[PDB]
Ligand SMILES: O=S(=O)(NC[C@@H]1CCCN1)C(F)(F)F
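Take a look at this single chain in structure tokens; it is the form deposited without the named molecule.
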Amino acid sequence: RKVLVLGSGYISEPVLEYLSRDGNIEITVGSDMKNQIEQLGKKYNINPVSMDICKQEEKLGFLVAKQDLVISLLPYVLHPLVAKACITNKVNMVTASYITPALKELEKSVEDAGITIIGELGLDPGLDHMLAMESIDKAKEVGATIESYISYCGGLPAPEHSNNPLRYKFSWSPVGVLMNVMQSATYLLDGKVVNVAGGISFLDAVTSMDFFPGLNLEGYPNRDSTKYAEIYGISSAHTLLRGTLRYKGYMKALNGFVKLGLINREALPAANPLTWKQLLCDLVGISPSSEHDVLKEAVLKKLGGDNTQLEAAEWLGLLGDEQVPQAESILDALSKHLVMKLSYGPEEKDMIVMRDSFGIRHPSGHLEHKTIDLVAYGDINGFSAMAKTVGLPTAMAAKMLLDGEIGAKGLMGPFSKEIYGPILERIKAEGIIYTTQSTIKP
């Protein structure tokens, strides 16, 4: 009846809410942010502690030893430090993020210590693993094999808040999503490995997504889908694809930012402070002059007469006299500015959409086409759909370890029926429902 929550950020609130329901558990919180933990301590009954992880490893060892379990909501680079302290004191751990190559090396030490460390919980990774292995295990129960697996996913505003140039509102820092456009995408399709080129030409891979006629969606592939054959155990499959969902026009607007030279890690140009109008003059080539002058230069740079991309920049105030926020690069300067202009208000709803699609070959010979829809909306006077889908799987898994339901030991994901079965059933009560459909056509 004692837990440590390392991290006082976005995901912490729904985790603290779920754990402090019965009343028996005693929650401790450790963080860098002094302002966050005070505001967080007002809402929920917790023991506040202030500490850095990589500098104050001495007190972490003593603090972890007092607890029954340790929940890590920190950046994924810092998990080996938290994992090392857990194996020494013989305490269980749960994580809401990737099991990195660095964390994988400890697996021998974690098994010898005789403790449980559950990684890759949340939305992605997390629910995508659980929904996949539910259907795959159901197929293997009747001797069937997987031929295809297509999975698109996506967090975005509720339709009523989609009227802006990007059709988007940022939950956290845009640096991650903006840099994904420059990266490559790899997947398997009808036997052949397909490579997609990132950067300026990545817009060519964007396709229309019409499974909901009322919802105007687009889609494109993720970083890597070929690694999931080994993870789920479906190397017999001829198709393996994972994608992302957005409203139509999103990627064309980001394509406009790539043309102008805003998506890079070069430093900002050096009496009077720098403005956005002045920054775009430097990028195009002209001197800091009139607003109508740089307008003619900007539209010339943005392909032909692409007024849509020009008006998108004009709307955000990129051809304007506002001050550029201080940052270590041009990309970071844009990211801070987008958080200012396109963030969620107090009463505005977010939304999660997910679409799985399986091609199952039964031993009879026929082909089953199975599809799963998961949809969830944010609450007005409550938690967001993104906060719930990332927070609740990690929180539910922690309660299962304390109550003693998960018997397995070592380092692992949520791939076993012991883990995913109980979690998928409990998220229905929290307002995360998923429907299933199935048809046959050899």
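The first residue of the sequence shown is number 1, and the count goes up from there.
J.: Would you mind checking whether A271 is unresolved in the model of at least a third of the other PDB entries compared?
T.: yes, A271 frequently unmodelled elsewhere, at least a third of entries.
J.: Select between 286-294 and 358-366 the stretch whose C-alpha atoms have the higher average B-factor in the entry.
T.: Mean CA B-factor is higher for 286-294.
J.: If you average the CA temperature factors over each stretch, which comes out higher, 130-138 or 324-332?
T.: Higher mean C-alpha B-factor: 324-332.
J.: Could you check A385, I46, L392, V375 and tell me which one carries the biggest Cα B-factor in the deposited entry?
T.: By C-alpha B-factor in the record, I46 ranks first.
J.: Between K104, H337, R167, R242, which one tops the list for Cα B-factor in this entry?
T.: That would be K104.
J.: If you rank the chain by CA B-factor, which third does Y420 end up in: lowest, middle or highest?
T.: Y420: CA B-factor falls in the lowest third of its chain.
J.: With respect to C-alpha B-factor, does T371 fall in the lowest, middle or highest third of the chain as deposited?
T.: CA B-factor rank for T371: lowest third.
J.: Per the entry's values, where does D112 land by CA temperature factor relative to the rest of its chain, in the lowest, middle or highest third?
T.: According to the entry, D112 has a C-alpha B-factor in the chain's highest third.
J.: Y18: which third of its chain by C-alpha temperature factor?
T.: It falls in the middle third of the chain.
J.: Can you work out whether the C-alpha temperature factor of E160 puts it in the lowest, middle or highest third of the chain?
T.: Its C-alpha B-factor belongs to the lowest third of this chain's values.
Omitted from view is the form solved in complex with the named molecule, to which the following refers.
J.: When the site C-alphas are superposed and the named molecule is set in place as seen in the deposited complex, is this chain open or blocked (3 or more ligand atoms within 2.4 angstroms of backbone or C-beta)?
T.: Open: when the named molecule is placed as it sits in the deposited complex, none of its atoms comes within 2.4 Å of backbone or C-beta atoms.
J.: Heavy atom within 4.5 Å of the named molecule in the deposited complex: which of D332, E314, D124, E134?
T.: Checked against the cut-off, the match is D124.
J.: Quick check on this chain: which one of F257, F202, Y149, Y168 has a heavy atom within 4.5 Å of the named molecule in the deposited complex?
T.: Selected option: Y168.
J.: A139 versus the named molecule, in the deposited complex: is there a non-hydrogen atom within 4.5 Å?
T.: Heavy-atom contact with the named molecule at 4.5 Å: absent for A139.
J.: Report whether the minimum heavy atom distance between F211 and the named molecule in the deposited complex is within 4.5 Å.
T.: Contact with the named molecule, no.
J.: Would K277 count as a contact of the named molecule in the deposited complex, using a 4.5 angstroms cut-off between non-hydrogen atoms?
T.: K277: no contact with the named molecule in the deposited complex.
J.: Would you classify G198 as touching the named molecule in the deposited complex, given a 4.5 Å non-hydrogen atom cut-off?
T.: No.
J.: So which of 233-241, 153-161, 363-371, 278-286 is the stretch with heavy atoms within 4.5 Å of the named molecule in the deposited complex?
T.: Among the listed stretches, the partner-contacting one is 153-161.
J.: Is it true that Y247, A253 and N307, all three, sit within 4.5 Å of the named molecule in the deposited complex, judged by heavy atoms?
T.: Checked in the deposited complex: no contact with the named molecule for any of the three.
J.: Which of the residues spanning 383-400 lie within 4.5 Å of the named molecule in the deposited complex, based on heavy atoms?
T.: Only a single residue, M386, comes within 4.5 Å of the partner.
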